[PDB]
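Below: one structure, written as structure tokens.
Please note: Cβ atoms are built from the backbone with ideal geometry, for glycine as well, and neighbour counts cover all protein chains shown. Throughout, read-outs are computed from the coordinates displayed, never taken from laboratory work.
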Amino acid sequence: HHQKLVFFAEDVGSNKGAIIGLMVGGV
Amino acid sequence: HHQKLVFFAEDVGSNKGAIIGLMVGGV
Amino acid sequence: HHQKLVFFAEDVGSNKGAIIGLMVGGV
Amino acid sequence: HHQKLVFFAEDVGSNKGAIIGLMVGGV
Amino acid sequence: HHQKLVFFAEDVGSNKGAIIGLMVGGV
Amino acid sequence: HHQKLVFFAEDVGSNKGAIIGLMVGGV
Amino acid sequence: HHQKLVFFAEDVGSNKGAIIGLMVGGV
Amino acid sequence: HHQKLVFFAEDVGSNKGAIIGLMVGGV
Amino acid sequence: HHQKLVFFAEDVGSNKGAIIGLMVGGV
Amino acid sequence: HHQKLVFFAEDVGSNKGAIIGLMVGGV
Amino acid sequence: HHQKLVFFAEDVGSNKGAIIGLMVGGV
Amino acid sequence: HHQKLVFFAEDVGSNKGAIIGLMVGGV
Amino acid sequence: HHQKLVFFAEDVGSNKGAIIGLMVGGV
Amino acid sequence: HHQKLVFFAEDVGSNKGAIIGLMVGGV
Amino acid sequence: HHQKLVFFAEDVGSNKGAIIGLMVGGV
Amino acid sequence: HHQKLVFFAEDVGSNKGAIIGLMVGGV
Amino acid sequence: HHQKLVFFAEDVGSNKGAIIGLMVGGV
Amino acid sequence: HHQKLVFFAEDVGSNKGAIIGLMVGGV
Amino acid sequence: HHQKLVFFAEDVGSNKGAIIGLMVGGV
Amino acid sequence: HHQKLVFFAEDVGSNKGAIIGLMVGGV
Amino acid sequence: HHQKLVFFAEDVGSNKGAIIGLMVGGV
């Protein structure tokens, strides 16, 4: 037999800030 | 027999802020 | 026999903020 | 025998904010 | 025997805000 | 034997806000 | 034997706001 | 034997707001 | 043997607002 | 003194395809 | 002194296809 | 004195494809 | 003195593909 | 004196592919 | 005196692919 | 005296691929 | 006297691949 | 028999700050 | 007098691959 | 007097690979 | 008089591999 159990609680993996992939800027 | 169980609670994987993929700026 | 069980809760994967795919700006 | 069970609760995968695919700005 | 069960509860996958596909602005 | 069961509750997939496909603005 | 069952409850997939396909503005 | 069952409840797929296909404006 | 069942309740696919196909204007 | 001038050329704001406001279907 | 000038050329706002407000099917 | 000038050329803001406001389906 | 000039050339802001506001699918 | 000039050329801000605002799928 | 000039060329800010605002999938 | 000048050439800020704002998947 | 000049050439800030804002997977 | 068990607590793997993948800047 | 000049050449700030803001996976 | 000059050449600040902001995995 | 000149040739500041901000993993 094979078993795998996963539990993510209240506020897992959430974004409350800023995620920027790529930023290019002149002056 | 094979089993896999996953539980995502309340507020898992949510976005409350900013997600920007790509940003280009002149000035 | 094969089983896979998943649960998602109240506010999973929800966007309450801003999602921008691509942004280009001059001045 | 094969089984797969998924449960999405109250407010999963909803948008309550802003989703922008693409944005271009001159100034 | 093959089974797949899905349940979406009260307010899944709904839009309460803004969805913009594409935006172009001169100024 | 094959089965697939899906349930969508009250306000699933509904729009209460604004959906804009494409937007072009001069000023 | 093959079965598929779908249930949409009270207010699925409804529009209570604005859906605009395409918008062009000079000013 | 093949079976398909669909149920749409009260205000499913209804419009209670505005649907605009295309919009062009000078000023 | 092949079967299909579809049920529409009270106000499925009803318009209780405004639908505009195409709109053009100057000032 | 206040002036506003707008010019629309040949096939501006025209439909040469399909515009559907709302669509519902069981199967 | 106040002025507004608007010009429509050949086929502004014309429909050369299909415009459907609302469509409910079934099977 | 105040002036605003806008020019839309041959084929601005036209639809040559498909615009669907809302779409609900089953099985 | 105040001036604002905008020019849209041949095929600006047009749709030649598909624009869907909202899509719900049972299967 | 104040001036702002904008020029959009041949095929600005056009859609030739697919724009989907919202998508909900059971299977 | 104040001046701002912007120029957009042939295929600026156009979509030729797929833009999806929100996607929810059961399986 | 104040001057700003911006130039976008052939194919700036365009999408030729896939932009997905949000994605939730059960399996 | 104040001046700011910006030039974006052929294919600046364009997406030719995949942009995903947020992704949640059960399995 | 093979078993693996994972429990992630209230606030595992969440972001409350700025994530920037790549950054380029002039002067 | 004050001057600022910026030049972005052919393929600056583009995406030709994958940009993922956030990713949550059960298995 | 003050002067600032920036030149980005062919393929500055582009993404040709994978940018992941945040990744969470249960197994 | 104050002067600053910056030049970035080639694919300066580009990503061709994998950028991951944060990575959390079970077994």
What FRET efficiency comes out for the pair R:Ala9/T:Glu10, r = Cβ-Cβ distance, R0 = 41 Å, nearest 0.05?
0.30
Take the alpha carbon atoms of chain O, find their center, do the same for chain L, and report the distance between the two centers in whole angstrom.
14 Å
How far apart, in nanometres, would the label points at R:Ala18 and K:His1 be if each is projected 7 angstrom from Cα along the Cα-to-Cβ direction?
5.1 nm
Net charge contributed by nearby residues that have their C-beta within less than 11 Å of I:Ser14 (K/R +1, D/E -1)
-2
Cβ nearest the rotation axis (U onto B), residue from chain U and distance to the nearest whole Å:
U:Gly21, 3
Most exposed first, judged by fewest Cβ atoms within 10 angstrom, F:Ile19, D:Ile20 run D:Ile20, F:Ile19
Over every pair of different alpha-carbon atoms in the protein assembly as shown, take the mean of 1/r and invert it; report that Kirkwood radius in Å.
24.9 Å
Going by amide H atoms built from the backbone, whose H comes under 5 Å of the H on G:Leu22, apart from near neighbours?
F:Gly21, F:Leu22, H:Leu22, H:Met23
Calculate one ³J(HN,Hα) per residue across the range K:6-16 by plugging θ = phi - 60° into the Karplus curve 6.51 cos²θ - 1.76 cosθ + 1.60, and present them in order as whole Hz with x for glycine and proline.
10, 10, 10, 8, 6, 10, 8, x, 7, 10, 10
